[PDB]
Amino acid sequence: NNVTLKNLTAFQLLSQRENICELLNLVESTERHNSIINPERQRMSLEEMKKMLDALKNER
Amino acid sequence: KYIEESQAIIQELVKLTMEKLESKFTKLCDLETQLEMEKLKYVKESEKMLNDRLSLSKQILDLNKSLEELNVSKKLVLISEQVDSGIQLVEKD
Amino acid sequence: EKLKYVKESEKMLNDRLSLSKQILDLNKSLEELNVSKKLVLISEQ
Amino acid sequence: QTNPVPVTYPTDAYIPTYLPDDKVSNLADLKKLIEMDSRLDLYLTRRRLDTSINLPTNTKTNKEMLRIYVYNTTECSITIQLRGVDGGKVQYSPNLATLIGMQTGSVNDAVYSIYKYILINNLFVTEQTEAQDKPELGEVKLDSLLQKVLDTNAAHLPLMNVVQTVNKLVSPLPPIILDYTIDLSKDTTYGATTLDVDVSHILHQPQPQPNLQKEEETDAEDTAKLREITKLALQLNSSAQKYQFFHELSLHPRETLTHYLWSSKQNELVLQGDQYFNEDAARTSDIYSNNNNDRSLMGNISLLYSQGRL
Amino acid sequence: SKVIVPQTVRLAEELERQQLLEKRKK
Amino acid sequence: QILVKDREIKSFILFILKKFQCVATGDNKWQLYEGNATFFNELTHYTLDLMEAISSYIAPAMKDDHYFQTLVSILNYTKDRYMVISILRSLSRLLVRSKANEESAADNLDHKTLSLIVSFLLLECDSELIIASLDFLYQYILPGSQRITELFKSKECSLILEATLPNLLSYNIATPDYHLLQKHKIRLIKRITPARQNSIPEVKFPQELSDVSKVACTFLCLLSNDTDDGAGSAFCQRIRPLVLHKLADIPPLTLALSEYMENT
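The structure is reproduced here in structure tokens:
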């Protein structure tokens, strides 16, 4: 919750290193990439959108 | 495909929601105009009633004084707890 | 709020009319016995 | 409140505008939704302000009565309250009841009527009134009636004194008082002794609704929803920044790679600037030894001695 | 720290307001 | 004074402001690379401060002034607060000596920006933002009457002003509370003395106004001095009864709203 010079430099360096290691394909981030996408959450949100759209369609 | 269907659905949903909210806003604006009209009429009538009430109370005071001047046992009394509710000439001891 | 305003306006109007009638009758009675002035509603000029 | 209460969690976040409009096709809808949310907020916050006009009246918008019997039976004051009496309706003094046209009302109604009377008859000392005809400005010139009401033989009371006297001129509704002293000769009386008193204001019982049980819940729910939305927006920013980095790398590889190398070297140099400060390097004679190739520690001694600090 | 009310700004404000008040007096 | 008489510094400030406008409006020409955002951030702030100062020495801004357009774009975009207040001061200082009939910079203020500033008026938990908005509106409607018409042409600005100004009159001055009375119940005092009920509690009155209330009073006084049969004068008549309530509750308000009560 506190930000010092050490924390800032470490954060920036970590981001840079992660990006570069991803360029060389030296990292497997399936867990993060599927917790952010979360296809289950995608299906849930899609069904919620469909239900809301049907509700708006039938009120007329 | 998946995201494409989601995109079409989102377009339609947003369109319908915007239309619904705009209709609601139009209704609310009309109702607000009506409220302002009624408030203006009420303000006019209430100011008239208040001025009449104050002037009539002062006149009642003067007339009771005059009645006491000419040796008349009557008084001018409010029928109820205001002037707007009515006044009348009563007799006391 | 709108309904409140409408109701109060109508009540004030009715009370004004009734008070005008009462004032007319009281002025007639004061003229009957004795008086130098008369009750006057400011709204009626 | 007069200040926005600095908090510890992020309260908002920008939406990135450097994404390609062709690939991302739902930014326009999100911005439309944000605009509509802002409009709804404006409308609610505006219409939740008090702008209702209430002029002083009474008899606001039955057969229900009550009879009290008193009788001495054989073989002294009496006061009675009704507990339906609050400060919302009081008894105006008999003097004030001639200034205003009413006898019973609220306190704010009395104050408003006093001010309206001072307005109708021009009694405020103004620039024009002084120029036409010493009293200060914004003072009230008293008439015979205002003097009989305030009981002051002065002529130029200010307004605070008038309204404080108004506070003086108010008393609660009087209770029921009877004087039935005694009766000892007759067997029983059951005389008239009847009082017809309204209890309408007590049997109707207009009560307010329960509060402070959903206000806190609504506040907490809205805060949680806003924080979730802000977290999602920050995640979007992160993804967009990674995309932008890789796009820039695809455009100019050499410059971005040189920048990466230089920045990594510099950040690694920075992160190694406090390693010999841990009470282990401090308590042992290693970092003070001259055999260190880098002598950035002992070399200061001379200067530190000349400054006297040491 | 910023100076919230500079001298020239206050002077120009007072001058313009006095000028417009004099114009209204006309 | 030495800085103003320098074309290089003014051109640099204008260049930085146009870059900020390009970032704000989301133009595809020049898109800031986020790896540099930090630098840019600091840059912008300093520039704006400079602008603020020199804003006093370019006072009458003409129609197609780049400073004004850049500043209104940044104002519509930013979420910073220091930045919003600085931009409002800079805009209010670029309208010092300007005529209403003559074509000036005030014609670059579309209804969106005015609605935004009156929305700032609508807040409650920020006295400084309210005072800045009121100062800007004062400087806006000050030179003449055509600007009053342009201000009240928008329905949203009109509604927000009408709902806000009387409540800004009684802003943070602790009016007499008539709720302790409604909650106070009347009983008999338990206990040879006759039976009293109890004493109705006292009612105190405020003795001084707040800064927001003083600025609102000055704004109403200025707004009341316009020609009748035109907008701005009808606004005061639409607003009068609520102001009468406020005056009944606050005596220093009656002393301070003299010019408003004269022209009504």
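Residue numbers (PDB author numbering), protein chains in the order written: chain C, 17 to 76; chain K, 420 to 512; chain J, 457 to 501; chain M, 4 to 64, 70 to 83, 218 to 275, 307 to 483; chain R, 293 to 318; chain N, 176 to 366, 506 to 578. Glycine included, C-beta positions come from ideal geometry on N, C-alpha and C.
Cβ-Cβ distance between residue i and residue j below 7 Å
i: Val-339 of chain M; j: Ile-256 of chain M; result: yes
i: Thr-288 of chain N; j: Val-259 of chain N; result: no
i: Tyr-232 of chain N; j: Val-179 of chain N; result: yes
i: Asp-324 of chain M; j: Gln-357 of chain N; result: no
i: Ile-262 of chain N; j: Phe-195 of chain N; result: no
i: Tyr-346 of chain N; j: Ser-524 of chain N; result: yes
i: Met-226 of chain N; j: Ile-184 of chain N; result: no
i: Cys-531 of chain N; j: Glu-573 of chain N; result: no
i: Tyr-461 of chain J; j: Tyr-421 of chain K; result: no
i: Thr-403 of chain M; j: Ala-16 of chain M; result: yes
i: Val-253 of chain M; j: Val-335 of chain M; result: no
i: residue 3 of chain M; j: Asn-237 of chain M; result: Residue numbering for chain M in the displayed model covers 4 to 483; residue 3 of chain M lies beyond these limits and cannot be assessed.
i: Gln-4 of chain M; j: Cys-550 of chain N; result: no
i: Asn-410 of chain M; j: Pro-7 of chain M; result: no
i: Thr-354 of chain M; j: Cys-218 of chain M; result: yes
i: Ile-498 of chain J; j: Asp-471 of chain K; result: yes
i: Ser-425 of chain K; j: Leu-62 of chain C; result: yes
i: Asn-440 of chain M; j: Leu-29 of chain C; result: yes
i: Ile-306 of chain N; j: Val-529 of chain N; result: yes
i: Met-244 of chain M; j: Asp-369 of chain M; result: no
i: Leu-450 of chain K; j: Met-39 of chain M; result: no
i: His-359 of chain N; j: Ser-329 of chain N; result: no
i: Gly-311 of chain M; j: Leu-569 of chain N; result: yes
i: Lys-458 of chain J; j: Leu-432 of chain K; result: no
i: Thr-431 of chain M; j: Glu-421 of chain M; result: no
i: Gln-478 of chain K; j: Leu-480 of chain J; result: no
i: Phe-215 of chain N; j: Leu-207 of chain N; result: yes
Supposed close pair residue i, residue j - CB separation, criterion 8 Å
i: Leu-343 of chain N; j: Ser-527 of chain N; result: 7 Å
i: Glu-464 of chain K; j: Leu-469 of chain J; result: 6 Å
i: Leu-556 of chain N; j: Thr-54 of chain M; result: 6 Å
i: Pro-308 of chain M; j: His-329 of chain M; result: 4 Å
i: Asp-352 of chain M; j: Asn-80 of chain M; result: Not a contact, Cβ separation roughly 14 Å.
i: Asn-29 of chain M; j: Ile-428 of chain K; result: Their Cβ separation, rounded to whole angstroms, is 10 Å, which puts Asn-29 of chain M and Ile-428 of chain K out of contact at 8 Å.
i: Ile-348 of chain N; j: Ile-564 of chain N; result: 7 Å
i: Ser-308 of chain N; j: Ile-335 of chain N; result: Actually they are not in contact, since the Cβ atoms of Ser-308 of chain N and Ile-335 of chain N sit about 11 Å apart, beyond 8 Å.
i: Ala-236 of chain N; j: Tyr-242 of chain N; result: 7 Å
i: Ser-320 of chain N; j: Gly-544 of chain N; result: 6 Å
i: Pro-348 of chain M; j: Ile-222 of chain M; result: 6 Å
Straight-line gap, residue i to residue j (C-alpha atoms, nearest Å)
i: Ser-267 of chain N; j: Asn-18 of chain C; result: 38 Å
i: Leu-241 of chain M; j: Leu-269 of chain N; result: 54 Å
i: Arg-76 of chain C; j: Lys-67 of chain C; result: 15 Å
i: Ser-458 of chain M; j: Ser-469 of chain M; result: 15 Å
i: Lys-238 of chain N; j: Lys-274 of chain N; result: 12 Å
i: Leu-355 of chain N; j: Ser-235 of chain M; result: 21 Å
i: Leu-318 of chain M; j: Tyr-259 of chain M; result: 11 Å
i: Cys-448 of chain K; j: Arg-50 of chain M; result: 11 Å
i: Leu-571 of chain N; j: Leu-561 of chain N; result: 9 Å
i: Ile-361 of chain N; j: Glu-500 of chain K; result: 20 Å
i: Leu-307 of chain R; j: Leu-312 of chain N; result: 18 Å
i: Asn-74 of chain C; j: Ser-412 of chain M; result: 37 Å
i: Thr-436 of chain K; j: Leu-24 of chain C; result: 43 Å
i: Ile-191 of chain N; j: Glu-314 of chain R; result: 41 Å
i: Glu-516 of chain N; j: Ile-506 of chain N; result: 27 Å
| Going along the chain, which residues of the segment 547-567 of chain N sit with their C-beta nearer than 7 Å to a C-beta in chain K? | In summary, the residues of the segment 547-567 of chain N whose CB is separated from some CB of chain K by less than 7 Å are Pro-555, in the order they occur in the chain.
| message | Any contact between the segment 368-380 of chain M and the segment 244-253 of chain M? By contact I mean 3 or more CB pairs, one from each, below 8 Å. | response | Judged by Cβ distances under 8 Å, the segment 368-380 of chain M makes no contact with the segment 244-253 of chain M, as fewer than three pairs qualify.
| message | So if I threshold CB-CB distances at 7 Å, which residues from the segment 25-43 of chain C count as touching chain M? | response | Taking 7 Å as the Cβ-Cβ cut-off against chain M, the residues of the segment 25-43 of chain C that qualify are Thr-25, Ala-26, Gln-28, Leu-29, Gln-32, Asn-35, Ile-36.
| said: I want to know whether the segment 476-494 of chain J touches the segment 499-511 of chain K - three or more CB-CB distances under 8 Å. | reply: Cβ pair count under 8 Å is three or more, so yes.
| query | For the segment 510-522 of chain N, which residues have a CB atom closer than 9 Å to at least one CB atom of chain M, in sequence order? | reply | Hits within the stretch, in order: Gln-511, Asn-512, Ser-513, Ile-514, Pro-515, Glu-516, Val-517, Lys-518, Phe-519, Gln-521.
| task | Determine which residues of the segment 431-458 of chain M have a Cβ less than 8 Å from any Cβ of chain C, and write them out in chain order. | result | Residues of the segment 431-458 of chain M with a C-beta less than 8 Å from any C-beta of chain C: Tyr-433, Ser-436, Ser-437, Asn-440, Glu-441, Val-443, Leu-444, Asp-447, listed in chain order.
| Residues of the segment 260-282 of chain N whose Cβ lies closer than 9 Å to any Cβ of chain R, in chain order | From the segment 260-282 of chain N, only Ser-261, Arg-264, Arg-268, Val-271, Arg-272 have a Cβ closer than 9 Å to chain R.
| said: Please identify, using Cβ separations under 9 Å, the residues of the segment 223-240 of chain N that lie next to chain R, in order along the chain. | reply: Residues of the segment 223-240 of chain N that bring their beta carbon within less than 9 Å of a beta carbon in chain R comprise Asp-224, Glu-227, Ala-228, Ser-230, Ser-231, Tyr-232, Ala-234, in sequence order.
| request: For the segment 488-499 of chain J, enumerate the residues whose C-beta is nearer than 8 Å to any C-beta of chain K, in chain order. | output: For chain K, the residues of the segment 488-499 of chain J that bring a beta carbon within less than 8 Å of one of its beta carbons are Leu-489, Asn-490, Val-491, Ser-492, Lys-493, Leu-495, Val-496, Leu-497, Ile-498, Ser-499, in chain order.
| request: Give the residues from the segment 399-428 of chain M that approach chain C closer than 8 Å (Cβ to any Cβ), ordered along the chain. | output: If the cut-off is 8 Å between Cβ atoms, the segment 399-428 of chain M has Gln-408, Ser-412, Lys-415, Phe-418, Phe-419, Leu-422 near chain C.
| task | Check each residue of the segment 426-445 of chain K: if its Cβ is closer than 8 Å to any Cβ of chain C, include it; give the result in chain order. | result | Those residues of the segment 426-445 of chain K that come within reach of chain C (Cβ to Cβ, closer than 8 Å) are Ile-428, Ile-429, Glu-431, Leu-432, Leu-435, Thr-436, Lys-439.
| request: Give, in chain order, every residue of the segment 317-335 of chain M whose Cβ lies closer than 8 Å to some Cβ of chain N. | output: Cβ contacts with chain N come from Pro-331, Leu-332, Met-333.
| request: Report the residues of the segment 449-470 of chain K with a CB closer than 7 Å to any CB of chain N, ordered along the chain. | output: Residues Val-462.
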